[PDB]
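Everything on this sheet refers to the single structure shown next.
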Amino acid sequence: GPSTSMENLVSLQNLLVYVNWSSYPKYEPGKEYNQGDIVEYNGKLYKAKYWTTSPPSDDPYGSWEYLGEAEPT
């Protein structure tokens with residue numbers, strides 16, 4: 001079959017719904033996270049800057065980027 005380049009495959013990590021969203025998945029330890037990948041953490045929303053594997057907390061090298069929170073106030 002044909003190929004397709006991408007980055008934020010966090011969606012494929014679970015399913016490929018039609019809505020193309022259905023609320024992004026939550027931080028799941030033990031799964032490679034490519035650049036662009038976004039996951040929910042404690043009601044938050046982070047995005048992996050570059051290829052990296054680790055839970056959200058402190059990115060001294062810039063492995064994550066807070067884009068917002070799951071539920072805005």
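As shown in the structure tokens, the chain order sets the letters A, B, ...; within each chain, residues go from 1, and ligands are also counted from 1 in the order they appear.
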| Residues within 6 Å of region 56-71 of chain A, only C-alpha atoms, excluding chain neighbours under 5 positions, as a list in words |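 So, after excluding close chain neighbours, the residues are residues 43, 44, 45, 46, 47, 48, 49 and 50 of chain A.
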| query | Pick from A:51, A:21, A:6, A:12: nearest to residue 35 (chain A), with only C-alpha atoms counted? | reply | A:51
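Excluding residue 30 (chain A) itself and same-chain residues fewer than 4 positions from it, the residues having an atom within 10 Å of it are residues 53, 54 and 55 of chain A, counting only C-alpha atoms.
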Since we have the selection now, will you write its residues out, keeping C-alpha atoms, as an mmCIF file, in the first residue's frame?
```cif
data_model
loop_
_atom_site.group_PDB
_atom_site.id
_atom_site.type_symbol
_atom_site.label_atom_id
_atom_site.label_comp_id
_atom_site.auth_asym_id
_atom_site.auth_seq_id
_atom_site.Cartn_x
_atom_site.Cartn_y
_atom_site.Cartn_z
ATOM 1 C CA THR A 53 9.684 9.295 25.370
ATOM 2 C CA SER A 54 8.759 10.453 28.872
ATOM 3 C CA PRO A 55 5.852 11.642 31.057
#
```
| Computed interatomic separation between CA of residue 16 (chain A) and CA of residue 29 (chain A) (Å) | 20.4 Å
| task | List every residue of chain A that DSSP, applied to the backbone of this structure, places in strand (DSSP E or B), and write the result as a PyMOL selection string. | result | chain A and resi 26+33+38-41+44-47+52+65-69
Those same residues - C-alpha atoms - I'd like them written as an mmCIF file, in the first residue's frame.
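So the final result, stored in result26.cif, reads:
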```cif
data_model
loop_
_atom_site.group_PDB
_atom_site.id
_atom_site.type_symbol
_atom_site.label_atom_id
_atom_site.label_comp_id
_atom_site.auth_asym_id
_atom_site.auth_seq_id
_atom_site.Cartn_x
_atom_site.Cartn_y
_atom_site.Cartn_z
ATOM 1 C CA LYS A 26 -4.295 10.989 27.839
ATOM 2 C CA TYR A 33 5.774 9.934 21.186
ATOM 3 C CA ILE A 38 -0.502 15.629 21.933
ATOM 4 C CA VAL A 39 -1.854 13.969 25.075
ATOM 5 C CA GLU A 40 -4.040 14.988 28.015
ATOM 6 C CA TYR A 41 -2.453 15.101 31.471
ATOM 7 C CA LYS A 44 -3.976 19.593 30.583
ATOM 8 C CA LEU A 45 -2.678 19.424 27.011
ATOM 9 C CA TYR A 46 0.978 19.032 26.038
ATOM 10 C CA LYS A 47 2.684 18.540 22.674
ATOM 11 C CA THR A 52 11.069 11.805 22.871
ATOM 12 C CA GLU A 65 5.212 22.199 24.827
ATOM 13 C CA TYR A 66 2.122 23.261 26.775
ATOM 14 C CA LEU A 67 -0.454 24.356 24.201
ATOM 15 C CA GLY A 68 -3.321 24.598 26.671
ATOM 16 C CA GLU A 69 -5.626 22.689 29.005
#
```
